[PDB]
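Engineer: Mapped onto the authors' numbering, the consecutive letters of the sequence shown carry residue numbers 2 to 215. No residue lacks a Cβ here, since even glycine has one placed at the ideal position from N, Cα and C.
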Amino acid sequence: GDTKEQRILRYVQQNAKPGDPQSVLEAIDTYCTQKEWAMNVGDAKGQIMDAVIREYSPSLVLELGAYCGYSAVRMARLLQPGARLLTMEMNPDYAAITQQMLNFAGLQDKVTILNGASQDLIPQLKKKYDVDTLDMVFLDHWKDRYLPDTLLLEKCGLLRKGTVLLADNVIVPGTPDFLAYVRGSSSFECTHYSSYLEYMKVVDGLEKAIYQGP
Ligand SMILES: O=C(NCCO)c1cc(-c2ccc(F)cc2)cc(O)c1O
Ligand SMILES: [Cl-]
Ligand SMILES: [Cl-]
Ligand SMILES: [Cl-]
Ligand SMILES: [Mg+2]
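Now the structure itself:
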């Protein structure tokens, strides 16, 4: 039968307005509160994301892990005209949901999906995707990948002074190595934003880690 992700897409298509990102976010959050939990960033942490995006107005954002496109919708709706989001989604079924979610929201021209594993695609960003450096990175993929992929971004020359890392789920499921690393490194200036796990009365949080150079 259908998957939960297909059910979320369908709900959005039937309960949101085409081309209205806000209605799409609302539809997802309604579905996930009333029908079935799902691992979208959600509205609590989403509001914090929004506040960070507005502060920095990034021109080029990289997202690690798309899921159904909630966070990509959340971020892309607030980008300035001409700004871009690249999202890396290794799961092909998730990638297809995400594309369709973005298309329904009318944000397709702002966002590119890269299908494959972050560790494989990050080294291609400069030469294949014509990236210089990133303004912001949203980490929301497998939690054991946050640290290695941060170190890989640095190796590949993709971080500049002031690049904003924003990491989901630093408390649940948790990213203990990543947190220890960035909080102990003089190359990062970190802030913790305490919140709640999407759609649940369980504490979670976002970590912002601003790259300071070598
Ligand atoms: O696995 C995650 N992400 C990568 C695949 O898309 C993920 C997991 C959870 C979560 C799961 C199970 C639980 F019991 C609590 C949290 C939450 C999230 O926000 C997530 O991003
Ligand atoms: Cl999400
Ligand atoms: Cl992932
Ligand atoms: Cl929520
Ligand atoms: Mg998450």
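I'd like to know whether the C-beta atoms of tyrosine 32 and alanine 67 end up nearer to each other than 8 Å.
Structural biologist: For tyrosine 32 and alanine 67, no; Cβs fall outside 8 Å.
Engineer: Rounding to the nearest angstrom, what Cα-Cα distance links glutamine 48 and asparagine 170 in this structure?
Structural biologist: Looking at the two C-alpha atoms, the distance is approximately 15 Å.
Engineer: With respect to 7 Å, is the separation between the Cβ of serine 60 and the closest non-hydrogen atom of ligand 2 below this value?
Structural biologist: No; taking the cut-off as 7 Å, the Cβ of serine 60 has no heavy atom of ligand 2 nearer than that.
Engineer: Would you mind working out which of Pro93, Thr134, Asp150 sits nearest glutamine 7, comparing C-alpha positions?
Structural biologist: The residue with the shortest Cα to Cα distance from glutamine 7 is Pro93.
Engineer: Between the C-alpha atoms of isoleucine 172 and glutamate 64, what's the straight-line distance to the nearest angstrom?
Structural biologist: Answer to the nearest angstrom: the Cα atoms are 19 Å apart.
Engineer: For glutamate 199, is the beta carbon positioned less than 7 Å from some heavy atom of ligand 1?
Structural biologist: Yes - ligand 1 has a heavy atom lying nearer than 7 Å to the Cβ of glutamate 199.
Engineer: Take every Cβ of the stretch 154 to 165, pair it with every Cβ of the stretch 125 to 135, and state whether three or more of those distances are shorter than 8 Å.
Structural biologist: Verdict: yes, contact present.
Engineer: Following a CB-centred definition, is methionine 102 positioned closer than 7 Å to any heavy atom of ligand 5?
Structural biologist: Not under cutoff, so the answer is no.
Engineer: For ligand 5, I want to know if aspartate 131 counts as a neighbour, meaning its beta carbon is within less than 7 Å of at least one of the ligand's heavy atoms.
Structural biologist: Flag unset: Cβ of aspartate 131 not near ligand 5.
Engineer: Under 8 Å between the Cβ atoms of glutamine 120 and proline 149?
Structural biologist: Yes, the pair counts as a contact, with Cβ atoms nearer than the cut-off.
Engineer: For the stretch 37 to 57 against the stretch 184 to 204, are there 3 or more C-beta pairs whose distance is under 8 Å?
Structural biologist: With the cut-off at 8 Å, the stretch 37 to 57 and the stretch 184 to 204 touch.
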